[PDB]
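The next block is input.pdb, given as PDB, C-alpha atoms (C1' of nucleotides).
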ATOM      1  CA  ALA A   2      26.298  -1.858  31.939
ATOM      2  CA  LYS A   3      29.114  -0.254  33.943
ATOM      3  CA  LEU A   4      29.822   3.286  32.730
ATOM      4  CA  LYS A   5      31.720   6.419  33.752
ATOM      5  CA  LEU A   6      30.932  10.135  33.631
ATOM      6  CA  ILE A   7      33.369  12.747  32.333
ATOM      7  CA  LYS A   8      33.482  16.488  33.032
ATOM      8  CA  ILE A   9      34.315  19.563  30.958
ATOM      9  CA  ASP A  10      38.003  19.389  31.917
ATOM     10  CA  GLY A  11      38.334  15.861  30.533
ATOM     11  CA  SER A  12      38.474  13.765  33.701
ATOM     12  CA  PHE A  13      36.240  10.927  34.850
ATOM     13  CA  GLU A  14      33.920  11.175  37.845
ATOM     14  CA  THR A  15      34.228   9.286  41.147
ATOM     15  CA  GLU A  16      31.096   7.134  40.845
ATOM     16  CA  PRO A  17      30.206   4.564  38.151
ATOM     17  CA  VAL A  18      26.655   3.773  37.022
ATOM     18  CA  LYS A  19      24.757   0.719  35.809
ATOM     19  CA  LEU A  20      22.223   0.670  32.972
ATOM     20  CA  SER A  21      18.865  -1.101  33.102
ATOM     21  CA  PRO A  22      17.632  -3.041  30.042
ATOM     22  CA  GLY A  23      15.855  -1.170  27.257
ATOM     23  CA  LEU A  24      18.549  -1.056  24.583
ATOM     24  CA  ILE A  25      20.242  -4.471  25.025
ATOM     25  CA  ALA A  26      19.183  -7.448  22.900
ATOM     26  CA  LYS A  27      19.920 -11.173  22.946
ATOM     27  CA  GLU A  28      19.204 -11.890  19.264
ATOM     28  CA  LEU A  29      21.519 -11.447  16.277
ATOM     29  CA  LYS A  30      20.749 -10.171  12.785
ATOM     30  CA  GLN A  31      22.859  -8.324  10.203
ATOM     31  CA  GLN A  32      20.728  -8.497   7.051
ATOM     32  CA  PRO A  33      18.152  -6.147   8.693
ATOM     33  CA  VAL A  34      21.073  -3.831   9.454
ATOM     34  CA  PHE A  35      22.368  -4.358   5.913
ATOM     35  CA  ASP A  36      19.172  -3.197   4.228
ATOM     36  CA  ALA A  37      18.903  -0.466   6.873
ATOM     37  CA  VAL A  38      22.227   1.044   5.819
ATOM     38  CA  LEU A  39      21.327   0.505   2.147
ATOM     39  CA  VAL A  40      18.073   2.461   2.463
ATOM     40  CA  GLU A  41      20.071   5.005   4.475
ATOM     41  CA  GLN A  42      22.175   5.601   1.377
ATOM     42  CA  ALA A  43      18.841   5.749  -0.459
ATOM     43  CA  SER A  44      16.642   8.870  -0.536
ATOM     44  CA  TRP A  45      19.774  10.778  -1.593
ATOM     45  CA  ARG A  46      19.309  10.945  -5.373
ATOM     46  CA  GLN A  47      17.060  13.597  -6.900
ATOM     47  CA  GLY A  48      16.644  12.361 -10.473
ATOM     48  CA  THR A  49      19.150  14.850 -11.901
ATOM     49  CA  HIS A  50      20.718  12.005 -13.890
ATOM     50  CA  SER A  51      18.667  12.003 -17.106
ATOM     51  CA  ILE A  52      19.298  12.028 -20.876
ATOM     52  CA  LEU A  53      17.246  12.134 -24.080
TER
ATOM     53  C1'   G B   1      11.773  16.152   9.849
ATOM     54  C1'   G B   2      19.401  17.606   7.074
ATOM     55  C1'   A B   3      13.523  17.249   0.848
ATOM     56  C1'   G B   4      16.425  11.003   5.593
ATOM     57  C1'   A B   5      15.573   6.638   8.444
ATOM     58  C1'   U B   6      11.760   7.236  11.649
ATOM     59  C1'   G B   7       7.306   8.665  14.642
ATOM     60  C1'   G B   8       1.904   9.453  13.709
ATOM     61  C1'   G B   9      -1.904   8.407  10.649
ATOM     62  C1'   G B  10      -5.380   1.040  10.621
ATOM     63  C1'   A B  11      -8.343   3.871   4.931
ATOM     64  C1'   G B  12      -8.043  -0.534   2.801
ATOM     65  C1'   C B  13      -5.297  -6.491   1.457
ATOM     66  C1'   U B  14      -4.092 -11.138   2.187
ATOM     67  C1'   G B  15      -5.633 -15.920   5.601
ATOM     68  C1'   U B  16      -8.891 -16.449   9.448
ATOM     69  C1'   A B  17     -15.317 -21.591   6.342
ATOM     70  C1'   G B  18     -16.999 -22.354   2.719
ATOM     71  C1'   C B  19     -21.287 -23.898  -1.499
ATOM     72  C1'   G B  20     -23.438 -21.722  -5.625
ATOM     73  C1'   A B  21     -26.209 -17.714 -10.311
ATOM     74  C1'   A B  22     -29.398 -16.961  -5.853
ATOM     75  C1'   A B  23     -33.118 -16.345  -2.517
ATOM     76  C1'   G B  24     -29.953 -18.507   1.769
ATOM     77  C1'   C B  25     -27.640 -22.323   4.346
ATOM     78  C1'   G B  26     -23.441 -23.680   6.937
ATOM     79  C1'   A B  27     -18.446 -28.351   8.787
ATOM     80  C1'   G B  28     -21.981 -28.298   5.325
ATOM     81  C1'   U B  29     -23.499 -26.416   0.506
ATOM     82  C1'   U B  30     -25.601 -27.281  -4.469
ATOM     83  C1'   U B  31     -27.435 -30.549  -7.917
ATOM     84  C1'   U B  32     -31.904 -34.448  -6.056
ATOM     85  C1'   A B  33     -37.820 -37.000  -3.306
ATOM     86  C1'   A B  34     -33.606 -38.315  -0.895
ATOM     87  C1'   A B  35     -30.933 -37.744   5.276
ATOM     88  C1'   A B  36     -29.383 -41.667  -2.233
ATOM     89  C1'   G B  37     -24.938 -40.767  -4.849
ATOM     90  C1'   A B  38     -21.562 -37.038  -6.727
ATOM     91  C1'   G B  39     -18.951 -32.225  -6.680
ATOM     92  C1'   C B  40     -16.591 -28.536  -3.773
ATOM     93  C1'   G B  41     -15.203 -28.422   1.216
ATOM     94  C1'   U B  42     -13.379 -30.113   6.121
ATOM     95  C1'   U B  43      -7.738 -23.179   8.339
ATOM     96  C1'   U B  44      -2.615 -24.225   7.351
ATOM     97  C1'   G B  45       0.039 -17.348   7.519
ATOM     98  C1'   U B  46       1.513 -11.913   6.294
ATOM     99  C1'   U B  47       5.164  -7.735   4.534
ATOM    100  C1'   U B  48       9.338  -6.581   2.185
ATOM    101  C1'   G B  49      14.669  -7.252  -0.370
ATOM    102  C1'   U B  50      16.258 -10.137  -4.362
ATOM    103  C1'   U B  51      16.493 -13.240  -9.100
ATOM    104  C1'   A B  52      13.978 -15.001 -13.472
ATOM    105  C1'   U B  53       9.619 -15.069 -16.394
ATOM    106  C1'   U B  54       5.243 -12.801 -17.960
ATOM    107  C1'   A B  55       1.507  -8.025 -19.056
ATOM    108  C1'   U B  56       1.139  -2.999 -21.076
ATOM    109  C1'   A B  57       3.903   1.334 -21.949
ATOM    110  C1'   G B  58       8.527   2.320 -28.664
ATOM    111  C1'   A B  59      10.088  -2.690 -24.343
ATOM    112  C1'   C B  60      16.931  -6.430 -27.648
ATOM    113  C1'   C B  61      17.540  -3.114 -31.121
ATOM    114  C1'   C B  62      18.246  -1.686 -37.681
ATOM    115  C1'   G B  63      15.373  -1.640 -41.724
ATOM    116  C1'   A B  64      10.814  -0.422 -46.365
ATOM    117  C1'   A B  65       7.529   0.859 -50.279
ATOM    118  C1'   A B  66       3.340   2.648 -46.375
ATOM    119  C1'   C B  67      -1.338   6.120 -44.386
ATOM    120  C1'   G B  68      -3.251  10.756 -42.798
ATOM    121  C1'   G B  69      -2.867  16.455 -41.901
ATOM    122  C1'   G B  70      -0.168  20.840 -43.103
ATOM    123  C1'   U B  71       3.196  23.600 -46.175
ATOM    124  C1'   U B  72       6.584  25.687 -50.900
ATOM    125  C1'   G B  73       5.871  25.152 -55.845
ATOM    126  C1'   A B  74       4.214  27.783 -63.296
ATOM    127  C1'   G B  75      11.183  31.137 -63.679
ATOM    128  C1'   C B  76      12.081  23.683 -65.798
ATOM    129  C1'   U B  77       7.875  22.238 -68.128
ATOM    130  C1'   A B  78       1.948  21.954 -70.027
ATOM    131  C1'   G B  79      -1.814  25.355 -71.304
ATOM    132  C1'   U B  80      -3.674  30.284 -71.241
ATOM    133  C1'   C B  81      -3.526  35.797 -70.874
TER
END
As structure tokens, what does this structure read like?
Amino acid sequence: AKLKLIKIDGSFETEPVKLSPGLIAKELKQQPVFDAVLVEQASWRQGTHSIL
RNA sequence: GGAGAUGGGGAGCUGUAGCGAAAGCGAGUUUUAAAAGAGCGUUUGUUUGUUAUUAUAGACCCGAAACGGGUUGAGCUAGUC
């Protein structure tokens, strides 16, 4: 993928860069991502909610 | 490790060949003298999320005279001193 590099001032560099495979997929799936975000919201409770 | 996903940790479980109680045998096993017959065979996947049902935990919930253990009780009242 074609990318650019920025500096501390806030200006782009003068040389782009490509990216080799390793994080680019050809498949599609959202239900895995759906349960991923759901379990991300999980592990946040601590059982404080309780009554007699 | 923000008590996180995750990474590591393959301990174990499913199916991968089964027959029966077994010595054991094995695409055959056991019953039988049977190579007769019959049975079972003759791979057809795993883990989660979810829904419903079922199993135990009070398990839709309300309800009794119940039972057991402990405890206050002679000033009402019974008897006695």
Can you work out which residues from chain A touch chain B at a cut-off of 12 Å (counting only C-alpha atoms (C1' of nucleotides)) and hand them back as JSON, numbers by chain?
{"A": [32, 33, 34, 35, 36, 37, 38, 39, 40, 41, 42, 43, 44, 45, 46, 47]}
Any chance you could export the current selection's C-alpha atoms as a short mmCIF file (atom, residue, chain, number, x, y, z; two decimals), in the frame of the given file?
data_model
loop_
_atom_site.label_atom_id
_atom_site.label_comp_id
_atom_site.auth_asym_id
_atom_site.auth_seq_id
_atom_site.Cartn_x
_atom_site.Cartn_y
_atom_site.Cartn_z
CA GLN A 32 20.73 -8.50 7.05
CA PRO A 33 18.15 -6.15 8.69
CA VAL A 34 21.07 -3.83 9.45
CA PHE A 35 22.37 -4.36 5.91
CA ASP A 36 19.17 -3.20 4.23
CA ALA A 37 18.90 -0.47 6.87
CA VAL A 38 22.23 1.04 5.82
CA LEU A 39 21.33 0.50 2.15
CA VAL A 40 18.07 2.46 2.46
CA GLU A 41 20.07 5.00 4.47
CA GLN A 42 22.18 5.60 1.38
CA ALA A 43 18.84 5.75 -0.46
CA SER A 44 16.64 8.87 -0.54
CA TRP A 45 19.77 10.78 -1.59
CA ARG A 46 19.31 10.94 -5.37
CA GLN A 47 17.06 13.60 -6.90
#
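Evaluated on this file, the PyMOL selection byres ((chain B and resi 30-41) around 10) matches residues 17, 18, 19, 20, 27, 28, 29 and 42 of chain B.
Residues selected in this file by the PyMOL selection byres ((chain A and resi 17-21) around 9) comprise residues 2, 3, 4, 5, 6, 14, 15, 16, 22, 23, 24 and 25 of chain A.
The two atoms in question, CA of residue 49 (chain A) and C1' of residue 57 (chain B), are spaced 22.7 Å apart.
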Listed atoms of region 18-22 of chain A, axis-aligned box, 3 Å per side: centre and edge lengths to one decimal in Å, as lines of an AutoDock Vina configuration file?
center_x = 22.1
center_y = 0.4
center_z = 33.5
size_x = 15.0
size_y = 12.8
size_z = 13.0
So how many Å separate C1' of residue 61 (chain B) and CA of residue 53 (chain A), to one decimal?
16.8 Å
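Counting from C1' of residue 55 (chain B), the distance to CA of residue 51 (chain A) is 26.4 Å.
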Missing atoms in region 17-41 of chain A should be modelled up to N, CA, C and O atoms and reported as an mmCIF file, in the frame of the given file.
data_model
loop_
_atom_site.group_PDB
_atom_site.id
_atom_site.type_symbol
_atom_site.label_atom_id
_atom_site.label_comp_id
_atom_site.auth_asym_id
_atom_site.auth_seq_id
_atom_site.Cartn_x
_atom_site.Cartn_y
_atom_site.Cartn_z
ATOM 1 N N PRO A 17 30.731 5.204 39.366
ATOM 2 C CA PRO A 17 30.206 4.564 38.151
ATOM 3 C C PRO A 17 28.688 4.476 38.165
ATOM 4 O O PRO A 17 28.044 4.927 39.117
ATOM 5 N N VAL A 18 28.104 3.901 37.118
ATOM 6 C CA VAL A 18 26.655 3.773 37.022
ATOM 7 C C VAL A 18 26.326 2.547 36.182
ATOM 8 O O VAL A 18 27.021 2.236 35.210
ATOM 9 N N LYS A 19 25.274 1.839 36.579
ATOM 10 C CA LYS A 19 24.757 0.719 35.809
ATOM 11 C C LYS A 19 23.606 1.183 34.923
ATOM 12 O O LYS A 19 23.020 2.248 35.128
ATOM 13 N N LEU A 20 23.287 0.365 33.922
ATOM 14 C CA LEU A 20 22.223 0.670 32.972
ATOM 15 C C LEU A 20 21.218 -0.470 32.962
ATOM 16 O O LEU A 20 21.592 -1.630 32.764
ATOM 17 N N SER A 21 19.949 -0.136 33.175
ATOM 18 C CA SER A 21 18.865 -1.101 33.102
ATOM 19 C C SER A 21 18.582 -1.471 31.650
ATOM 20 O O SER A 21 18.881 -0.701 30.733
ATOM 21 N N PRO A 22 18.022 -2.666 31.409
ATOM 22 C CA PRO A 22 17.632 -3.041 30.042
ATOM 23 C C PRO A 22 16.717 -2.028 29.368
ATOM 24 O O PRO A 22 16.110 -1.178 30.028
ATOM 25 N N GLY A 23 16.611 -2.124 28.045
ATOM 26 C CA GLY A 23 15.855 -1.170 27.257
ATOM 27 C C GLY A 23 16.521 -0.878 25.927
ATOM 28 O O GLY A 23 15.881 -0.384 24.993
ATOM 29 N N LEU A 24 17.819 -1.177 25.838
ATOM 30 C CA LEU A 24 18.549 -1.056 24.583
ATOM 31 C C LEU A 24 19.491 -2.232 24.355
ATOM 32 O O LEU A 24 20.339 -2.159 23.457
ATOM 33 N N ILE A 25 19.363 -3.311 25.123
ATOM 34 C CA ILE A 25 20.242 -4.471 25.025
ATOM 35 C C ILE A 25 19.411 -5.655 24.551
ATOM 36 O O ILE A 25 18.367 -5.965 25.139
ATOM 37 N N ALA A 26 19.874 -6.315 23.495
ATOM 38 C CA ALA A 26 19.183 -7.448 22.900
ATOM 39 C C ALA A 26 19.984 -8.732 23.093
ATOM 40 O O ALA A 26 21.178 -8.717 23.399
ATOM 41 N N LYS A 27 19.298 -9.858 22.900
ATOM 42 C CA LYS A 27 19.920 -11.173 22.946
ATOM 43 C C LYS A 27 19.905 -11.876 21.597
ATOM 44 O O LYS A 27 20.502 -12.952 21.470
ATOM 45 N N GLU A 28 19.245 -11.305 20.593
ATOM 46 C CA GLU A 28 19.204 -11.890 19.264
ATOM 47 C C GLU A 28 20.343 -11.337 18.410
ATOM 48 O O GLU A 28 21.079 -10.432 18.813
ATOM 49 N N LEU A 29 20.490 -11.887 17.207
ATOM 50 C CA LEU A 29 21.519 -11.447 16.277
ATOM 51 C C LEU A 29 20.949 -11.420 14.870
ATOM 52 O O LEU A 29 20.330 -12.390 14.423
ATOM 53 N N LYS A 30 21.167 -10.304 14.175
ATOM 54 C CA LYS A 30 20.749 -10.171 12.785
ATOM 55 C C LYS A 30 21.509 -9.037 12.109
ATOM 56 O O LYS A 30 21.582 -7.923 12.638
ATOM 57 N N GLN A 31 22.092 -9.315 10.947
ATOM 58 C CA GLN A 31 22.859 -8.324 10.203
ATOM 59 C C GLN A 31 22.211 -7.933 8.886
ATOM 60 O O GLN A 31 22.379 -6.796 8.438
ATOM 61 N N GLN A 32 21.486 -8.849 8.248
ATOM 62 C CA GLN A 32 20.728 -8.497 7.051
ATOM 63 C C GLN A 32 19.723 -7.374 7.290
ATOM 64 O O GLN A 32 19.617 -6.488 6.422
ATOM 65 N N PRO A 33 18.953 -7.343 8.403
ATOM 66 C CA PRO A 33 18.152 -6.147 8.693
ATOM 67 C C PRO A 33 19.000 -4.886 8.734
ATOM 68 O O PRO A 33 18.641 -3.867 8.137
ATOM 69 N N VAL A 34 20.154 -4.966 9.402
ATOM 70 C CA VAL A 34 21.073 -3.831 9.454
ATOM 71 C C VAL A 34 21.625 -3.525 8.071
ATOM 72 O O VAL A 34 21.853 -2.358 7.722
ATOM 73 N N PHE A 35 21.850 -4.562 7.261
ATOM 74 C CA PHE A 35 22.368 -4.358 5.913
ATOM 75 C C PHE A 35 21.393 -3.543 5.070
ATOM 76 O O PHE A 35 21.763 -2.519 4.484
ATOM 77 N N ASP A 36 20.129 -3.969 5.012
ATOM 78 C CA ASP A 36 19.172 -3.197 4.228
ATOM 79 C C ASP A 36 18.881 -1.852 4.883
ATOM 80 O O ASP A 36 18.527 -0.891 4.192
ATOM 81 N N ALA A 37 19.056 -1.751 6.203
ATOM 82 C CA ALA A 37 18.903 -0.466 6.873
ATOM 83 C C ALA A 37 19.938 0.537 6.374
ATOM 84 O O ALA A 37 19.606 1.673 6.021
ATOM 85 N N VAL A 38 21.206 0.124 6.314
ATOM 86 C CA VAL A 38 22.227 1.044 5.819
ATOM 87 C C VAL A 38 22.026 1.311 4.328
ATOM 88 O O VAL A 38 22.238 2.435 3.854
ATOM 89 N N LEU A 39 21.589 0.297 3.569
ATOM 90 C CA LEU A 39 21.327 0.505 2.147
ATOM 91 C C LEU A 39 20.259 1.570 1.922
ATOM 92 O O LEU A 39 20.470 2.505 1.143
ATOM 93 N N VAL A 40 19.113 1.448 2.597
ATOM 94 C CA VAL A 40 18.073 2.461 2.463
ATOM 95 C C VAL A 40 18.504 3.781 3.090
ATOM 96 O O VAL A 40 17.940 4.831 2.764
ATOM 97 N N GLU A 41 19.486 3.757 3.997
ATOM 98 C CA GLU A 41 20.071 5.005 4.475
ATOM 99 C C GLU A 41 20.791 5.729 3.346
ATOM 100 O O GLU A 41 20.627 6.941 3.164
#
